[PDB]
Amino acid sequence: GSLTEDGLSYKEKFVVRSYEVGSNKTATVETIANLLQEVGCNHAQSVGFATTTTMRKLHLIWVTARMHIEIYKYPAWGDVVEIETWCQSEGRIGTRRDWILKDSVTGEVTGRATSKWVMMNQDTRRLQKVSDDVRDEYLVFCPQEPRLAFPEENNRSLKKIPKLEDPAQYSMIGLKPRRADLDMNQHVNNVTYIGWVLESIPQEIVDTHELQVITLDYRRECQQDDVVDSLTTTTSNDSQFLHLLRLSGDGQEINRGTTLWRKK
Amino acid sequence: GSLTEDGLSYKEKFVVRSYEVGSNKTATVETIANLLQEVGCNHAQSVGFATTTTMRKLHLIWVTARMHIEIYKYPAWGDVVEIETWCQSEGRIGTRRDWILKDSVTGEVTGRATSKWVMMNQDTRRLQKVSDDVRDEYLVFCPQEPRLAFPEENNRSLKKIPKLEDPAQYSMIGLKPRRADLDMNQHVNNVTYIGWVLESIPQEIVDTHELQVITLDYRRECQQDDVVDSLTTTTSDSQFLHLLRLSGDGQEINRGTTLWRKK
Ligand SMILES: C[C@@H]1CN(C(=O)c2cnsn2)[C@H](C)CO1
Ligand SMILES: C[C@@H]1CN(C(=O)c2cnsn2)[C@H](C)CO1
């Protein structure tokens with residue numbers, strides 16, 4: 001865990017653990033997503049923090065609107081992965097955080113991710129634009145010239161996601177979080193939703209295909225004592241799926257997303 | 001990390017991660033339990049592996065019968081924790097693996113664990129005594145004179161556990177495993193049962209106390225498409241008796257006990 005020489009970014013190395021890998025003895029997307037949110041956390045600390053002076057006064061926090069992860073090589077059990085991360089202002093809309101995943105050995109890129117964070121009141125739960133007093137407090141910790149994990153003119157990162165229409169092709173019912181799914185402030189961990197989305201995927205897809213891309217929009221949080229239904233429908237070599245999570249009660253939307261898989 | 005000088009134990013340092021800690025910003029017992037599994041594997045790697053040359057020719061695997069963990073201080077988010085592990089045969093009654101947890105900075109003991117492993121046929125799931133062929137192959141990687149994280153005669157770690165009787169005081173029902181709960185061979189991993197056991201403890205207890213001790217017997221494996229009920233009754237510091245059982249037929253998978261101190 002260290003800031004680069006210009007200290008506008010942060011690199012960290014992780015060894016992939018026995019309990020972090022799947023049936024292929026390569027890291028699960030959930031382990032990856034956990035490494036991302038861990039390196040993101042160590043970057044905040046390293047620059048003095050990401051609740052600011054003005055944000056703590058006004059009881060506001062960063063929440064995640066969208067995550068987007070693209071993987072080429074899932075690192076093997078006992079392989080070292082290097083993750084460089086950094087953050088940039090979207091002027092008034094909120095902040096973006098980007099990641100690159102590299103093989104420690106070859107130095108070749110095996111993954112990249114981008115997230116969209118927006119400002120929210122802790123107590124009332126109501127979103128709002130970024131006050132310039134807040135912008136100016138973290139602008140001095142970001143590259144000023146743009147630096148995009150997903151630069152391409154037509155990238156799948158900013159692509160608009162439909163609501164799944166009943167009936168769903170596939171579903172996983174009655175999903176609840178346990179204490180291991182809670183973060184340190186007792187909210188459901190953003191990685192759990194990834195896992196809940198993937199529960200509706202048929203085992204045969206997972207067994208024969210590799211997850212290449214996942215886009216996940218975040219609408220409402222799941223509470224400790226809520227219950228989630230996970231709905232999936234094919235939309236397609238490569239397989240694409242449309243995903244919806246909702247409360248099994250009123251059918252209130254909490255998440256929507258798409259995933260893209262290739263044959264092994 | 002590395003084998004100690006004598007190559008009869010293994011040590012590893014772990015930095016506690018943001019997503020590995022609970023509401024008081026110290027490691028959960030499940031993170032601890034996962035660190036024990038991880039260092040356990042890195043020890044087997046290091047001495048050349050378990051599944052010995054026979055265990056494979058015979059289709060035999062090591063299976064957890066007992067897990068015993070006692071925590072004095074849960075390491076804080078950002079702290080380094082050194083864990084030393086080592087093995088030792090319990091005659092034809094399987095093998096024992098023990099752990100010591102130290103604070104890196106002070107070298108002070110913050111927790112200790114012991115686990116009972118027994119050989120079964122993976123295809124038939126048939127429990128059997130450890131043969132002499134398997135014995136000679138894996139005694140060279142163990143201390144010969146005994147070395148116990150829990151040496152004290154008639155201690156917590158060997159105390160026979162009763163079956164909870166209905167009605168239970170507390171119950172979390174309908175618990176199912178997701179793919180994150182599967183190890184690399186598609187079996188529910190030994191750490192998930194811990195979480196399932198602890199889910200029946202009242203939140204107010206978790207909020208006012210710290211788990212000092214947990215003992216867990218492993219009767220039968222829960223399968224990907226099984227459903228578990230988690231039952232708890234106060235027996236008392238606070239003490240509880242635990243039963244995990246299949247939602248339908250009511251078949252037992254685990255029993256256990258937990259001891260909690262006030263903060
Ligand atoms: C340089 C860092 C980046 N950062 C975050 O930690 C973050 C990213 N996700 S939401 N907010 C702050 C906005 C500023 O300090
Ligand atoms: C150093 C090795 C470790 N080991 C194991 O992997 C094991 C068995 N189940 S628990 N510990 C061998 C069987 C014995 O000695």
Side-chain angles (χ1 to χ4, degrees), chain A residues 19-20 28-31 33-34 36-38 61 63-64 67 125 171-201 214 216-232 243-257, chain B residues 17-25 27-31 33-34 170-182 188-189 191-207 211 222 224-230 232 244 247:
Chain A
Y19 66 87
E20 281 175 337
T28 75
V29 79
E30 297 196 65
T31 283
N34 267 310
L36 293 199
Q37 119 184 325
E38 172 57 19
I61 70 174
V63 298
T64 308
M67 176 67 71
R125 235 101 231 293
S171 64
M172 176 53 66
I173 304 312
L175 288 164
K176 328 196 290 272
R178 60 201 189 80
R179 287 216 197 77
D181 290 302
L182 301 172
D183 64 59
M184 56 174 80
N185 315 129
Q186 288 176 331
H187 303 255
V188 166
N189 187 278
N190 285 337
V191 176
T192 298
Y193 299 106
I194 289 163
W196 285 345
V197 160
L198 293 173
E199 268 311 302
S200 27
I201 298 280
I214 168 164
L216 198 55
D217 286 355
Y218 289 79
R219 200 167 214 72
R220 263 133 200 274
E221 79 156 15
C222 176
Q223 300 217 129
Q224 147 134 238
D225 69 350
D226 280 340
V227 182
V228 169
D229 294 351
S230 166
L231 306 175
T232 293
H243 300 296
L244 175 66
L245 304 199
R246 65 177 187 215
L247 296 182
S248 23
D250 47 27
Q252 178 97 65
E253 188 172 351
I254 48 171
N255 284 108
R256 61 177 69 191
Chain B
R17 299 173 177 174
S18 64
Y19 68 89
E20 285 179 331
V21 296
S23 75
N24 44 47
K25 277 174 267 202
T28 64
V29 74
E30 295 183 71
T31 289
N34 276 314
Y170 307 123
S171 62
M172 176 62 56
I173 73 192
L175 291 169
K176 322 186 209 307
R178 58 199 194 76
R179 287 204 203 93
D181 298 302
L182 302 184
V188 179
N189 50 251
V191 175
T192 298
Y193 299 100
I194 288 162
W196 285 345
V197 160
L198 288 158
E199 271 299 311
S200 31
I201 295 282
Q203 187 63 35
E204 55 239 43
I205 300 293
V206 181
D207 282 342
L211 172 67
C222 162
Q224 163 148 218
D225 63 328
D226 281 338
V227 180
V228 170
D229 295 352
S230 183
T232 299
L244 295 203
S247 264

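Letters A, B, ... mirror the listed sequences (proteins, then strands); counts begin at 1. Note: hydrogens, waters and symmetry copies are ignored here, and every other heavy atom, side chains too, is used.
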side-chain hydrogen bond (donor to acceptor under 3.5 Å, both in side chains) between A:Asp181 and A:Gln224, worked out: CA-CA 9 Å; A:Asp181 290 302; A:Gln224 147 134 238; over 6 Å; no

Using the side chain to side chain contact (heavy atoms under 4.5 Å, CB included) rule, take B:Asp207 and A:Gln186 through it: C-alpha gap first, then chi angles, then the decisive distance, then the call. CA-CA 11 Å; B:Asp207 282 342; A:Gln186 288 176 331; 3.6 Å; yes

Tell me, with the steps shown, if A:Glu253 and A:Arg246 meet salt bridge (charged side-chain N to carboxylate O under 4.0 Å, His left out). CA-CA 4 Å; A:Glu253 188 172 351; A:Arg246 65 177 187 215; over 6 Å; no

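Every residue two or more places apart in sequence or in another chain that forms a side chain to side chain donor-acceptor pair (under 3.5 Å) with B:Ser230 is listed here: B:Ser200. Under the ring pair (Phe, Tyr, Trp, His ring centres under 6.0 Å) criterion, B:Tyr19 pairs with no residue, sequence neighbours left out. Checked against side chain to side chain donor-acceptor pair (under 3.5 Å), B:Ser247 has the following partners two or more places apart in sequence or in another chain: B:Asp229.
Side-chain contact between A:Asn255 and A:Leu244 is absent, with no heavy atoms from C-beta onward closer than 4.5 Å. Between A:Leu175 and A:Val227 the shortest side-chain heavy-atom distance does not fall below 4.5 Å. Between B:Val21 and B:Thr28, the closest side-chain pair of non-hydrogen atoms is not below 4.5 Å. Annotation: side chain of A:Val191 is not in contact with side chain of A:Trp196 (no heavy-atom distance under 4.5 Å). With contacts defined as side-chain heavy-atom distances shorter than 4.5 Å, the pair B:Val206/A:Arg179 qualifies. Residues A:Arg220 and A:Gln252 meet the side-chain proximity criterion, which asks for heavy atoms closer than 4.5 Å. Contact check for B:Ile201 versus B:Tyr170: no side-chain heavy atoms found under the 4.5 Å cut-off.
Separating the CG atom in A:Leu216 from the CG atom in A:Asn190 is a distance of 9.0 Å, to the nearest 0.5 Å. Note that the CG atom of A:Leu245 and the CG atom of A:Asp226 stand 12.0 Å from one another [nearest 0.5 Å]. Rounded to the nearest 0.5 Å, atoms CE (A:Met67) and CG (A:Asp217) are 12.0 Å apart. One distance of note links OG of B:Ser23 with CE of A:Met184; it measures 10.5 Å at 0.5 Å rounding. Note that SG of A:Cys222 is 6.5 Å distant from CG of A:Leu247, once rounded to the nearest 0.5 Å. The structure places OH of A:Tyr193 at 6.0 Å from CD1 of A:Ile254, a figure rounded to the nearest 0.5 Å.
Screening A:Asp183, A:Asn189, A:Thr64 for a side chain to side chain donor-acceptor pair (under 3.5 Å) with A:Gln37, the sole residue that qualifies is A:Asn189.
Within a 6.0 Å radius of CD1 in B:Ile173, no more than 12 heavy atoms belonging to other residues, nucleotides or ligands are found.
Between A:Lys176 and A:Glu199 there is no salt bridge, since no side-chain nitrogen of the basic residue lies less than 4.0 Å from a carboxylate oxygen of the acidic one. Note on A:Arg178 versus B:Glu30: salt bridge recorded, some NZ/NE/NH1/NH2 to OD/OE distance being below 4.0 Å.
The main-chain N or O of A:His243 is never found under 3.5 Å from a side-chain atom of A:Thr232 such that the two would form a donor-acceptor pair.
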